[PDB]
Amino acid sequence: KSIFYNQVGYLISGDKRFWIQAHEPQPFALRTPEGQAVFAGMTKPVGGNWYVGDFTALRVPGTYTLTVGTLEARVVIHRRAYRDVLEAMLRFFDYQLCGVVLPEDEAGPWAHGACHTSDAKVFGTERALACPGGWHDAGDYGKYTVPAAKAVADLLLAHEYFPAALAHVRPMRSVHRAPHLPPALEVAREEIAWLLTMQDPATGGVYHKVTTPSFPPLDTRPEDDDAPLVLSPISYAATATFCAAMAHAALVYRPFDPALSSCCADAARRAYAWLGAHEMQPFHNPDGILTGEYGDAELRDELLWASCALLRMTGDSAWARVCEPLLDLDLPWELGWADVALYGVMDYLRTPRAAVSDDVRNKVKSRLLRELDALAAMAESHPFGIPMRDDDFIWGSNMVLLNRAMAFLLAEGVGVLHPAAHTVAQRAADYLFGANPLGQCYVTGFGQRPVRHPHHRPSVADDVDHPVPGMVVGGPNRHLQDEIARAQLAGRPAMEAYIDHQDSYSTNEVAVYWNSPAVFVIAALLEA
């Protein structure tokens, strides 16, 4: 029996809330560290056992003691409460670096030598290839094209939308090339550079992944993983998500790295030439390969994103001939990793009005507004005010929640101003930081109940005790898709289907595409 609140803190000019399981409204106070009362209010019902306490009006920064009943919590008010967590969430990408020496001056206890240096065999051939750099996908050391495209798309979007907030954070600056680009672009260049090695120079097709034939033991240090590396076959999705992320990078890097920008635009075109010459065939793990499949039977949403990305890159009206029919389909307007349509929607809507049908544009703008209203309706009925239903608590539910928060924020930039946008973003950060039924801070190294045992090979393998900070875990998953979850979590409601245990990969794994929308959301809150 306790207080559920944002364990990282609150913004001076932002919404401040706490939750408790109660039966009636209770008086509550916020005190200074000495004990003097500064704010007083009454709790109020929100659904079931849930009562809220809103202390938004308390604008004087500081470390306050919140008291309700006999319970006590330590809360923090600061003009930049989330800067530290944002910096850590952005440094996670530098911790995930493959084939790069991470020095102790930058990485501290989690420093290591260059891992996965050896070349990879192209599956079913004797041909080898060097595909170095990039990020280890998650808790495993695999490098997967499809989810990598989402991680890049998100960081580029965060820099485009919130560069002022991102300017206050510092990545592992000493491992990147000089002159130093803005923080998010410096971190994302590494993954973009790697992604280019994945494209077949012969055809323009992109390899789905570069992984060892199977998952090594959970206790493997990055440099001790020495099984042969295999390039899984070229896939439609890998190629289409690559084209999309590459054209986006071409626009963003134009004033910062013109050579990379040019290199990315040509790589996107060749990848689009591959799409029109090939069939929409889903990927399936070939015999022997037992690593993450990242499969998807629906590939029109990837074509939509790759077309719209090139439409925004070129600014050519000719591309709308291909976008506009795809924009008419009943595809889920989502932010990945498998349903990517919203990225295409965004790219289309952020293209000059002259190159698009003003009527298709309005229909697209209207669908998005209805989509936001549906997310807003869910948040209005959820006691934590998050656009979530019990059935949305799936594998990587924190990404579902963050992508939804991110959907509201992206829309603010294409004239779709929902009155719920900022509340939803605040509630999503509160949830992530401990305002959930488990009182769990879903980020490592932060809050009073941080994640101590994630499914992360460098954090399990090392003898440090504390895991790498700034890692966002998948979160509660009702399907119980691992032995530890099947064992400990049967019968538990959707939001409580989480376990802080290293073997629970379905609720406790970390990932590059789970940290990326967190970076967007946190930067949005700081900026506004």
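For every residue, the number given is its place in the sequence shown, counted from 1. Between two forms, the rigid core is defined as the largest C-alpha subset superposing within 1.5 Å.
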- Say the other structures are aligned on the rigid core; which stretch then has the higher CA RMS in 6 other deposited structures of this protein, 455 to 463 or 63 to 71? 455 to 463
- Task: Would you mind comparing 369 to 377 and 69 to 77 for me and telling me which has the higher average C-alpha temperature factor in the entry?
- Result: 69 to 77
- Message: Please compare 50 to 58 with 456 to 464 and say which has the higher mean C-alpha temperature factor in the record.
- Response: 456 to 464
- Message: I'd like to know which of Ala338, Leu86, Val206, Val101 has the highest C-alpha temperature factor in the PDB entry.
- Response: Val101
- Message: Just to confirm, going by the entry's C-alpha B-factors, which of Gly413, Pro163, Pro216, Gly344 comes out highest?
- Response: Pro216
- If you rank the chain by CA B-factor, which third does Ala40 end up in: lowest, middle or highest? middle
- Query: So where's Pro387 on the chain's Cα temperature factor ranking, which third?
  - Reply: lowest
- Assert third(CA B-factor, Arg254) within chain per record equals middle
- Message: Quick check for you: using the entry's CA B-factors within this chain, is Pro493 in the lowest, middle or highest third?
- Response: middle
- Task: Could you look up the Cα B-factor of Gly434 in the entry and say which third of the chain it sits in: lowest, middle or highest?
- Result: lowest
